[PDB]
Amino acid sequence: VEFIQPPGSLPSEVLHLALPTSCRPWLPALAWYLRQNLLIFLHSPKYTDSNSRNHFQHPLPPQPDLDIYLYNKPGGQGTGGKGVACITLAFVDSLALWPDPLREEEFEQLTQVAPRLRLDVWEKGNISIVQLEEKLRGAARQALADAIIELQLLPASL
């Protein structure tokens with residue numbers, strides 16, 4: 001774990017994601033959706049480690065909970081490289097203190113991407129940070145859309 005993680009230099013440059021303020025009231029639920037929607041190719045930061053020190057270093061205090069994100073190295077035929085990290089992202093300008101319809105033609109306003117979402121990882125080489133950033137943007141947008149469809153469209157009865 002520490003081979004790819006530079007414990008002194010925690011980040012591999014920062015990544016801040018800006019979310020619409022309209023999603024502020026339901027901040028924690030979104031997190032769960034994110035904590036779900038990210039786990040497509042992301043893998044849990046769990047190993048044969050009966051200690052938090054053996055687990056990947058997390059330069060992000062909890063908002064016992066929380067975890068990090070691990071990405072396997074992509075590549076294969078043609079383009080390739082060695083990429084591994086431990087991303088411990090958080091939302092800041094704290095969801096612990098946290099517990100009319102909208103039109104269609106005026107949509108994409110709530111889906112446009114006021115709490116920011118800071119992200120920092122420990123890069124291990126060939127990562128193509130632009131691809132990871134756009135993947136993060138898309139995943140966050142999908143998770144927010146899922147949370148919206150669950151919060152407001154679902155409870156309506158026929």
# chains A, B, ... in the order shown; residues from 1 in each chain; ligands from 1
$ residues_around --residues "residue 17 (chain A)" --least-positions-apart "6" --cutoff "10 Å" --atoms "only C-alpha atoms" --output "list in words"
residues 89, 90, 91, 92, 113, 115, 116, 117, 118, 119, 133, 136, 137 and 140 of chain A
$ write_last_selection --atoms "N, CA and C atoms" --output "compact mmCIF listing (two decimals), in the first residue's frame"
# COMPACT_ATOMS: atom_id res chain seq x y z
N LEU A 89 -11.96 11.55 -0.96
CA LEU A 89 -12.64 12.80 -1.26
C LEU A 89 -13.63 13.15 -0.16
N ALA A 90 -13.99 14.43 -0.11
CA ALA A 90 -14.95 14.92 0.86
C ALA A 90 -15.61 16.18 0.30
N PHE A 91 -16.76 16.53 0.86
CA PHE A 91 -17.50 17.70 0.44
C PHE A 91 -17.32 18.82 1.46
N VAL A 92 -16.90 19.99 0.98
CA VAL A 92 -16.68 21.16 1.83
C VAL A 92 -16.84 22.41 0.98
N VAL A 113 -22.70 20.60 -13.57
CA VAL A 113 -21.58 20.54 -12.63
C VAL A 113 -20.28 20.91 -13.34
N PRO A 115 -21.90 23.52 -2.09
CA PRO A 115 -20.75 22.80 -1.52
C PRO A 115 -19.87 22.17 -2.58
N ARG A 116 -18.58 22.49 -2.56
CA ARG A 116 -17.64 21.87 -3.47
C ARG A 116 -17.28 20.47 -2.99
N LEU A 117 -16.72 19.68 -3.90
CA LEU A 117 -16.32 18.31 -3.62
C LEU A 117 -14.83 18.18 -3.93
N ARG A 118 -14.00 18.31 -2.89
CA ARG A 118 -12.56 18.19 -3.06
C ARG A 118 -12.15 16.73 -3.14
N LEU A 119 -11.19 16.44 -4.02
CA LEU A 119 -10.68 15.09 -4.20
C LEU A 119 -9.17 15.12 -4.31
N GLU A 133 -10.76 12.60 -14.21
CA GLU A 133 -11.57 13.75 -13.81
C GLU A 133 -12.92 13.73 -14.51
N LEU A 136 -15.04 11.08 -13.03
CA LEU A 136 -15.60 11.52 -11.75
C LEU A 136 -16.78 12.45 -11.97
N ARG A 137 -16.66 13.37 -12.93
CA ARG A 137 -17.76 14.28 -13.22
C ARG A 137 -19.01 13.52 -13.66
N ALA A 140 -20.52 11.50 -10.71
CA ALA A 140 -21.21 12.38 -9.78
C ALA A 140 -22.54 12.85 -10.35
$ residues_around --residues "residue 35 (chain A)" --least-positions-apart "2" --cutoff "12 Å" --atoms "only C-alpha atoms" --output "JSON list (two decimals) with N, CA, C and O atoms, in the first residue's frame"
[["chain", "number", "residue", "atom", "x", "y", "z"],
["A", 28, "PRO", "N", -26.50, 14.28, 2.53],
["A", 28, "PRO", "CA", -26.03, 12.93, 2.90],
["A", 28, "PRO", "C", -26.51, 11.84, 1.97],
["A", 28, "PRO", "O", -25.72, 10.97, 1.60],
["A", 29, "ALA", "N", -27.79, 11.87, 1.58],
["A", 29, "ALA", "CA", -28.30, 10.83, 0.68],
["A", 29, "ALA", "C", -27.50, 10.78, -0.61],
["A", 29, "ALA", "O", -27.09, 9.70, -1.05],
["A", 30, "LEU", "N", -27.24, 11.95, -1.21],
["A", 30, "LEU", "CA", -26.38, 12.01, -2.38],
["A", 30, "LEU", "C", -25.08, 11.25, -2.14],
["A", 30, "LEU", "O", -24.67, 10.44, -2.97],
["A", 31, "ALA", "N", -24.45, 11.49, -0.99],
["A", 31, "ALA", "CA", -23.21, 10.80, -0.66],
["A", 31, "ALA", "C", -23.38, 9.30, -0.80],
["A", 31, "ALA", "O", -22.60, 8.64, -1.49],
["A", 32, "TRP", "N", -24.43, 8.75, -0.19],
["A", 32, "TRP", "CA", -24.66, 7.31, -0.31],
["A", 32, "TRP", "C", -24.79, 6.92, -1.77],
["A", 32, "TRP", "O", -24.15, 5.96, -2.22],
["A", 33, "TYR", "N", -25.59, 7.67, -2.54],
["A", 33, "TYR", "CA", -25.68, 7.41, -3.97],
["A", 33, "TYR", "C", -24.31, 7.45, -4.61],
["A", 33, "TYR", "O", -23.93, 6.53, -5.35],
["A", 37, "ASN", "N", -22.63, 4.81, -6.60],
["A", 37, "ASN", "CA", -22.44, 4.97, -8.04],
["A", 37, "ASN", "C", -20.97, 4.92, -8.42],
["A", 37, "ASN", "O", -20.64, 4.62, -9.57],
["A", 38, "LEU", "N", -20.07, 5.19, -7.47],
["A", 38, "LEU", "CA", -18.65, 5.12, -7.76],
["A", 38, "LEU", "C", -18.17, 3.68, -7.90],
["A", 38, "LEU", "O", -17.18, 3.43, -8.60],
["A", 39, "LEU", "N", -18.86, 2.73, -7.27],
["A", 39, "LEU", "CA", -18.40, 1.35, -7.23],
["A", 39, "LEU", "C", -18.85, 0.62, -8.50],
["A", 39, "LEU", "O", -19.67, -0.30, -8.48],
["A", 40, "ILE", "N", -18.29, 1.05, -9.62],
["A", 40, "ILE", "CA", -18.50, 0.38, -10.90],
["A", 40, "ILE", "C", -17.25, -0.41, -11.24],
["A", 40, "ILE", "O", -17.28, -1.64, -11.36],
["A", 42, "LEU", "N", -14.38, 0.96, -9.41],
["A", 42, "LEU", "CA", -13.68, 1.24, -8.17],
["A", 42, "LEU", "C", -13.78, 0.06, -7.22],
["A", 42, "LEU", "O", -14.78, -0.67, -7.20],
["A", 43, "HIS", "N", -12.73, -0.14, -6.43],
["A", 43, "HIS", "CA", -12.68, -1.23, -5.48],
["A", 43, "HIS", "C", -12.47, -0.68, -4.08],
["A", 43, "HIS", "O", -11.83, 0.36, -3.89],
["A", 44, "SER", "N", -13.03, -1.38, -3.10],
["A", 44, "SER", "CA", -12.95, -0.93, -1.72],
["A", 44, "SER", "C", -11.50, -0.94, -1.24],
["A", 44, "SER", "O", -10.70, -1.77, -1.67],
["A", 66, "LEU", "N", -16.42, 6.17, 6.89],
["A", 66, "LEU", "CA", -15.63, 6.75, 5.80],
["A", 66, "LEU", "C", -14.64, 5.73, 5.25],
["A", 66, "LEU", "O", -14.35, 4.72, 5.90],
["A", 67, "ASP", "N", -14.13, 5.99, 4.06],
["A", 67, "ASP", "CA", -13.20, 5.09, 3.37],
["A", 67, "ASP", "C", -12.55, 5.89, 2.25],
["A", 67, "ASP", "O", -12.66, 7.12, 2.19],
["A", 68, "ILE", "N", -11.87, 5.18, 1.35],
["A", 68, "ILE", "CA", -11.19, 5.82, 0.23],
["A", 68, "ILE", "C", -11.60, 5.12, -1.06],
["A", 68, "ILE", "O", -12.45, 4.22, -1.05],
["A", 69, "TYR", "N", -11.02, 5.55, -2.18],
["A", 69, "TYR", "CA", -11.30, 4.97, -3.48],
["A", 69, "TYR", "C", -10.01, 4.44, -4.09],
["A", 69, "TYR", "O", -8.98, 5.11, -4.05],
["A", 88, "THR", "N", -9.34, 9.91, -1.23],
["A", 88, "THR", "CA", -10.20, 10.13, -0.07],
["A", 88, "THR", "C", -10.84, 11.51, -0.25],
["A", 88, "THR", "O", -10.32, 12.51, 0.24],
["A", 89, "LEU", "N", -11.96, 11.55, -0.96],
["A", 89, "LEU", "CA", -12.64, 12.80, -1.26],
["A", 89, "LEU", "C", -13.63, 13.15, -0.16],
["A", 89, "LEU", "O", -14.07, 12.30, 0.62],
["A", 90, "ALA", "N", -13.99, 14.43, -0.11],
["A", 90, "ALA", "CA", -14.95, 14.92, 0.86],
["A", 90, "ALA", "C", -15.61, 16.18, 0.30],
["A", 90, "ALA", "O", -15.09, 16.81, -0.63],
["A", 139, "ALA", "N", -19.78, 10.31, -13.15],
["A", 139, "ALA", "CA", -20.31, 9.49, -12.07],
["A", 139, "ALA", "C", -21.06, 10.33, -11.05],
["A", 139, "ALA", "O", -22.13, 9.93, -10.57],
["A", 140, "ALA", "N", -20.52, 11.50, -10.71],
["A", 140, "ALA", "CA", -21.21, 12.38, -9.78],
["A", 140, "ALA", "C", -22.54, 12.85, -10.35],
["A", 140, "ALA", "O", -23.55, 12.91, -9.63],
["A", 142, "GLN", "N", -24.42, 11.27, -12.55],
["A", 142, "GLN", "CA", -25.34, 10.13, -12.52],
["A", 142, "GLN", "C", -25.87, 9.88, -11.11],
["A", 142, "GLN", "O", -27.06, 9.61, -10.93],
["A", 143, "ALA", "N", -24.99, 9.96, -10.11],
["A", 143, "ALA", "CA", -25.42, 9.74, -8.73],
["A", 143, "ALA", "C", -26.41, 10.81, -8.29],
["A", 143, "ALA", "O", -27.40, 10.51, -7.62],
["A", 144, "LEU", "N", -26.15, 12.07, -8.65],
["A", 144, "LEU", "CA", -27.08, 13.14, -8.32],
["A", 144, "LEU", "C", -28.42, 12.93, -9.00],
["A", 144, "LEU", "O", -29.48, 13.15, -8.39],
["A", 147, "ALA", "N", -30.27, 10.23, -7.14],
["A", 147, "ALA", "CA", -30.79, 10.74, -5.88],
["A", 147, "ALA", "C", -32.02, 11.62, -6.10],
["A", 147, "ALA", "O", -32.98, 11.56, -5.33]]
$ residues_around --residues "region 128-131 of chain A" --least-positions-apart "2" --cutoff "12 Å" --atoms "only C-alpha atoms" --output "JSON, numbers by chain"
{"A": [12, 13, 14, 15, 71, 73, 74, 75, 79, 80, 81, 82, 83, 84, 85, 120, 121, 122, 123, 124, 125, 126, 133, 134, 135, 136, 137, 138]}
$ write_last_selection --atoms "N, CA and C atoms" --output "compact mmCIF listing (two decimals), in the first residue's frame"
# COMPACT_ATOMS: atom_id res chain seq x y z
N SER A 12 -1.88 14.04 -5.19
CA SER A 12 -1.28 14.02 -6.52
C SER A 12 -1.92 15.13 -7.35
N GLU A 13 -1.99 16.33 -6.76
CA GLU A 13 -2.76 17.48 -7.20
C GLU A 13 -4.22 17.31 -6.80
N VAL A 14 -4.91 18.42 -6.57
CA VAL A 14 -6.25 18.39 -6.00
C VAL A 14 -7.28 18.30 -7.12
N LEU A 15 -8.50 17.92 -6.74
CA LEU A 15 -9.61 17.83 -7.68
C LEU A 15 -10.86 18.32 -6.95
N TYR A 71 -8.33 2.66 -7.63
CA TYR A 71 -8.50 2.46 -9.06
C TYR A 71 -7.40 1.53 -9.57
N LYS A 73 -5.02 -0.23 -12.46
CA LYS A 73 -4.30 0.32 -13.60
C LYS A 73 -4.96 -0.12 -14.89
N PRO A 74 -5.39 0.80 -15.75
CA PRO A 74 -5.94 0.42 -17.05
C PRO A 74 -4.82 0.20 -18.06
N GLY A 75 -5.22 -0.05 -19.30
CA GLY A 75 -4.26 -0.24 -20.37
C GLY A 75 -4.47 -1.51 -21.16
N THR A 79 -1.84 1.41 -25.70
CA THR A 79 -1.60 2.30 -24.57
C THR A 79 -1.74 1.55 -23.25
N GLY A 80 -0.89 1.91 -22.30
CA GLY A 80 -0.91 1.26 -21.00
C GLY A 80 -0.02 2.01 -20.03
N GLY A 81 0.01 1.49 -18.81
CA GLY A 81 0.84 2.09 -17.77
C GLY A 81 0.49 1.51 -16.42
N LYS A 82 1.18 2.04 -15.41
CA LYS A 82 0.98 1.63 -14.02
C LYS A 82 0.31 2.77 -13.28
N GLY A 83 -0.96 2.57 -12.91
CA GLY A 83 -1.70 3.59 -12.19
C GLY A 83 -2.47 3.03 -11.01
N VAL A 84 -2.14 3.51 -9.81
CA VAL A 84 -2.83 3.10 -8.59
C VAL A 84 -2.83 4.28 -7.63
N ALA A 85 -3.92 4.44 -6.89
CA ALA A 85 -4.05 5.58 -6.00
C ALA A 85 -5.02 5.24 -4.87
N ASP A 120 -8.51 14.17 -3.65
CA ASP A 120 -7.06 14.05 -3.70
C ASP A 120 -6.69 12.58 -3.64
N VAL A 121 -5.73 12.18 -4.47
CA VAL A 121 -5.30 10.79 -4.57
C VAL A 121 -3.78 10.74 -4.56
N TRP A 122 -3.25 9.52 -4.51
CA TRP A 122 -1.81 9.27 -4.49
C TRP A 122 -1.45 8.52 -5.77
N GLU A 123 -1.18 9.28 -6.84
CA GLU A 123 -0.93 8.68 -8.14
C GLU A 123 0.34 7.84 -8.12
N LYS A 124 0.34 6.77 -8.92
CA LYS A 124 1.47 5.86 -9.02
C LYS A 124 2.01 5.77 -10.45
N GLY A 125 1.81 6.81 -11.26
CA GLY A 125 2.36 6.81 -12.60
C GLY A 125 1.36 7.16 -13.68
N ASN A 126 1.28 6.32 -14.71
CA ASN A 126 0.40 6.58 -15.84
C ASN A 126 -1.05 6.50 -15.40
N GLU A 133 -10.76 12.60 -14.21
CA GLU A 133 -11.57 13.75 -13.81
C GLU A 133 -12.92 13.73 -14.51
N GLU A 134 -12.93 13.47 -15.82
CA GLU A 134 -14.21 13.43 -16.53
C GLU A 134 -15.05 12.24 -16.08
N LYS A 135 -14.41 11.11 -15.76
CA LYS A 135 -15.14 9.98 -15.21
C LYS A 135 -15.78 10.35 -13.87
N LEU A 136 -15.04 11.08 -13.03
CA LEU A 136 -15.60 11.52 -11.75
C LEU A 136 -16.78 12.45 -11.97
N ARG A 137 -16.66 13.37 -12.93
CA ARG A 137 -17.76 14.28 -13.22
C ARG A 137 -19.01 13.52 -13.66
N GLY A 138 -18.83 12.57 -14.59
CA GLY A 138 -19.97 11.80 -15.06
C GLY A 138 -20.61 10.96 -13.97
$ residues_around --residues "residue 152 (chain A)" --least-positions-apart "3" --cutoff "10 Å" --atoms "only C-alpha atoms" --output "VMD selection string"
chain A and resid 100 to 102 147 to 149 155 to 156
$ closest_residue --among "A:56, A:106, A:23, A:157" --to "residue 145 (chain A)" --atoms "only C-alpha atoms"
A:23
$ closest_residue --among "A:11, A:78, A:94, A:4" --to "residue 61 (chain A)" --atoms "only C-alpha atoms"
A:94
